[PDB]
Amino acid sequence: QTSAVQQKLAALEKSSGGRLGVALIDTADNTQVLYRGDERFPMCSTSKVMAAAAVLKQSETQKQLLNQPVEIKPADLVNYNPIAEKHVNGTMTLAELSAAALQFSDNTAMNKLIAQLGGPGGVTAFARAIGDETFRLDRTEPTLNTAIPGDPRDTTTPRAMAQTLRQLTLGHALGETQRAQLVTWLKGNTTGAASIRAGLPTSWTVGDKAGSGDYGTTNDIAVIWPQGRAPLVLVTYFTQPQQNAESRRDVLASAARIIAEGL
């Protein structure tokens, strides 16, 4: 049950050669199934959820904030920015930047969100304001993805991230309009098909944000609306011993299958 699932996750981790962190919250009965749930993992692009949510929180007190134009300048461009590079020397709204960061993992867009929040310390302050004492953002893109073993920068734990994702999407951390917007964006992610979604039935609805980084770091955080039962919140974090290890989104899919078949 919980023990059988944890044993399967342990066997998956052993065969993978890496370090696996899982937190599952079943909102039907609020049970939690954890595997390395209190170890820190580099968040990589999954931190984009906290940044988008923090901007949505700002919009509760400045109601038209999402419609505000933000200049995209040449100095803003980083390696991976499939949306923002099409608006350099132009503008994008904060809604467009949020969608770009969440649905295309655009790293320039994430940096604009970080800056809108007062920097990595501002993103972290939002986390604290909603009761997350574990999340920390320390750097901008792309350096927040270095994922160096032993480095606490830009990390959280699976337990903390599952609880926070639940609060943001199913709980009361955001106002109703903002919560609906965040969930709409997460449901529209275009770059997560190989990760948690690949281990779940196609008839289940998923809102997620995946991410990757150095050390073969491969992550995904999801809210899942199955048929026939209450929603689940699932975070799967994975990192490896070699600096240039290849991403293993299929390992995350395997963890999701263990959860969806076993719980």
# chains A, B, ... in the order shown; residues from 1 in each chain; ligands from 1

$ residues_around --residues "stretch 209-224 of chain A" --least-positions-apart "5" --cutoff "7 Å" --atoms "only C-alpha atoms" --output "MDAnalysis selection string"
chainID A and resid 44:46 102 145:148 186 189 192 195:196 204 231:249

$ write_last_selection --atoms "C-alpha atoms" --output "PDB file, in the first residue's frame"
ATOM      1  CA  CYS A  44      14.983  23.881 -11.784  1.00  0.00           C
ATOM      2  CA  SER A  45      12.019  25.008 -13.884  1.00  0.00           C
ATOM      3  CA  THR A  46       9.430  23.785 -11.397  1.00  0.00           C
ATOM      4  CA  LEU A 102       4.694  27.968 -17.459  1.00  0.00           C
ATOM      5  CA  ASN A 145      19.685  25.085 -12.783  1.00  0.00           C
ATOM      6  CA  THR A 146      23.285  24.201 -11.829  1.00  0.00           C
ATOM      7  CA  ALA A 147      21.870  21.452  -9.553  1.00  0.00           C
ATOM      8  CA  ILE A 148      25.228  20.815  -7.889  1.00  0.00           C
ATOM      9  CA  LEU A 186      -0.774  24.482 -15.680  1.00  0.00           C
ATOM     10  CA  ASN A 189       1.655  23.139 -20.271  1.00  0.00           C
ATOM     11  CA  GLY A 192       5.470  18.055 -19.882  1.00  0.00           C
ATOM     12  CA  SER A 195       7.064  13.252 -17.472  1.00  0.00           C
ATOM     13  CA  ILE A 196       4.214  12.580 -14.980  1.00  0.00           C
ATOM     14  CA  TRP A 204      -7.109  11.883 -16.326  1.00  0.00           C
ATOM     15  CA  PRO A 231      -7.597  15.031  -7.029  1.00  0.00           C
ATOM     16  CA  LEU A 232      -4.003  14.066  -6.320  1.00  0.00           C
ATOM     17  CA  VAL A 233      -0.945  16.285  -5.953  1.00  0.00           C
ATOM     18  CA  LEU A 234       2.278  14.643  -7.112  1.00  0.00           C
ATOM     19  CA  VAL A 235       5.840  15.909  -7.145  1.00  0.00           C
ATOM     20  CA  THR A 236       8.621  13.800  -8.659  1.00  0.00           C
ATOM     21  CA  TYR A 237      12.188  15.097  -8.385  1.00  0.00           C
ATOM     22  CA  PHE A 238      15.162  13.214  -9.824  1.00  0.00           C
ATOM     23  CA  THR A 239      18.873  14.009  -9.992  1.00  0.00           C
ATOM     24  CA  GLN A 240      21.960  12.029 -10.939  1.00  0.00           C
ATOM     25  CA  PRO A 241      25.671  11.765 -10.070  1.00  0.00           C
ATOM     26  CA  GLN A 242      27.154  12.900 -13.417  1.00  0.00           C
ATOM     27  CA  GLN A 243      27.185  16.620 -14.224  1.00  0.00           C
ATOM     28  CA  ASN A 244      26.104  15.950 -17.826  1.00  0.00           C
ATOM     29  CA  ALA A 245      23.800  12.990 -17.232  1.00  0.00           C
ATOM     30  CA  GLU A 246      20.915  12.845 -19.686  1.00  0.00           C
ATOM     31  CA  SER A 247      17.426  13.841 -18.608  1.00  0.00           C
ATOM     32  CA  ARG A 248      15.233  10.881 -17.636  1.00  0.00           C
ATOM     33  CA  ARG A 249      11.665  12.103 -18.000  1.00  0.00           C
TER      34      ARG A 249
END

$ select_by_dssp --residues "stretch 69-178 of chain A" --states "alpha helix (DSSP H)" --output "PyMOL selection string"
chain A and resi 94-103+107-116+120-129+158-169+176-178

$ write_last_selection --atoms "C-alpha atoms" --output "PDB file, in the first residue's frame"
ATOM      1  CA  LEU A  94       2.686  39.810 -17.381  1.00  0.00           C
ATOM      2  CA  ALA A  95      -0.031  37.351 -18.404  1.00  0.00           C
ATOM      3  CA  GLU A  96       1.958  36.518 -21.547  1.00  0.00           C
ATOM      4  CA  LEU A  97       5.164  36.182 -19.538  1.00  0.00           C
ATOM      5  CA  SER A  98       3.436  33.883 -17.056  1.00  0.00           C
ATOM      6  CA  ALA A  99       2.023  31.689 -19.821  1.00  0.00           C
ATOM      7  CA  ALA A 100       5.386  31.623 -21.593  1.00  0.00           C
ATOM      8  CA  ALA A 101       7.246  30.618 -18.425  1.00  0.00           C
ATOM      9  CA  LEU A 102       4.694  27.968 -17.459  1.00  0.00           C
ATOM     10  CA  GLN A 103       3.655  26.526 -20.804  1.00  0.00           C
ATOM     11  CA  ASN A 107      13.661  31.221 -19.171  1.00  0.00           C
ATOM     12  CA  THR A 108      13.665  34.883 -20.175  1.00  0.00           C
ATOM     13  CA  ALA A 109      10.004  35.041 -19.192  1.00  0.00           C
ATOM     14  CA  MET A 110      10.854  33.496 -15.810  1.00  0.00           C
ATOM     15  CA  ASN A 111      13.526  36.147 -15.265  1.00  0.00           C
ATOM     16  CA  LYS A 112      10.982  38.876 -15.989  1.00  0.00           C
ATOM     17  CA  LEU A 113       8.662  37.309 -13.400  1.00  0.00           C
ATOM     18  CA  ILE A 114      11.475  37.051 -10.846  1.00  0.00           C
ATOM     19  CA  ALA A 115      12.312  40.716 -11.442  1.00  0.00           C
ATOM     20  CA  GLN A 116       8.639  41.721 -11.131  1.00  0.00           C
ATOM     21  CA  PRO A 120      14.774  35.634  -6.044  1.00  0.00           C
ATOM     22  CA  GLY A 121      14.399  36.891  -2.482  1.00  0.00           C
ATOM     23  CA  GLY A 122      10.982  38.251  -3.405  1.00  0.00           C
ATOM     24  CA  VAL A 123       9.865  34.908  -4.831  1.00  0.00           C
ATOM     25  CA  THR A 124      11.089  33.303  -1.609  1.00  0.00           C
ATOM     26  CA  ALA A 125       9.219  35.903   0.468  1.00  0.00           C
ATOM     27  CA  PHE A 126       5.978  34.961  -1.285  1.00  0.00           C
ATOM     28  CA  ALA A 127       6.632  31.317  -0.410  1.00  0.00           C
ATOM     29  CA  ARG A 128       7.090  32.280   3.245  1.00  0.00           C
ATOM     30  CA  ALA A 129       3.909  34.384   3.152  1.00  0.00           C
ATOM     31  CA  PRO A 158       9.071  17.044  -2.202  1.00  0.00           C
ATOM     32  CA  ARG A 159       6.847  17.303   0.892  1.00  0.00           C
ATOM     33  CA  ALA A 160       7.027  21.092   0.951  1.00  0.00           C
ATOM     34  CA  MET A 161       6.418  21.482  -2.776  1.00  0.00           C
ATOM     35  CA  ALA A 162       3.442  19.110  -2.815  1.00  0.00           C
ATOM     36  CA  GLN A 163       1.853  20.984   0.083  1.00  0.00           C
ATOM     37  CA  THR A 164       2.472  24.345  -1.569  1.00  0.00           C
ATOM     38  CA  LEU A 165       1.203  23.211  -4.968  1.00  0.00           C
ATOM     39  CA  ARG A 166      -1.935  21.930  -3.252  1.00  0.00           C
ATOM     40  CA  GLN A 167      -2.434  25.268  -1.485  1.00  0.00           C
ATOM     41  CA  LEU A 168      -1.976  27.201  -4.736  1.00  0.00           C
ATOM     42  CA  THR A 169      -4.282  25.101  -6.940  1.00  0.00           C
ATOM     43  CA  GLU A 176     -10.538  32.498  -6.838  1.00  0.00           C
ATOM     44  CA  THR A 177      -9.835  34.299 -10.118  1.00  0.00           C
ATOM     45  CA  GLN A 178      -6.088  33.851  -9.649  1.00  0.00           C
TER      46      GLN A 178
END

$ closest_residue --among "A:207, A:154, A:58, A:9" --to "residue A:36" --atoms "only C-alpha atoms"
A:9

$ atom_distance --atom1 "atom CA of residue A:48" --atom2 "atom CA of residue A:258"
26.1 Å

$ closest_residue --among "A:253, A:33, A:43, A:72" --to "residue A:135" --atoms "only C-alpha atoms"
A:43

$ atom_distance --atom1 "atom CA of residue A:203" --atom2 "atom CA of residue A:190"
17.0 Å

$ closest_residue --among "A:227, A:76, A:155, A:63" --to "residue A:38" --atoms "only C-alpha atoms"
A:155
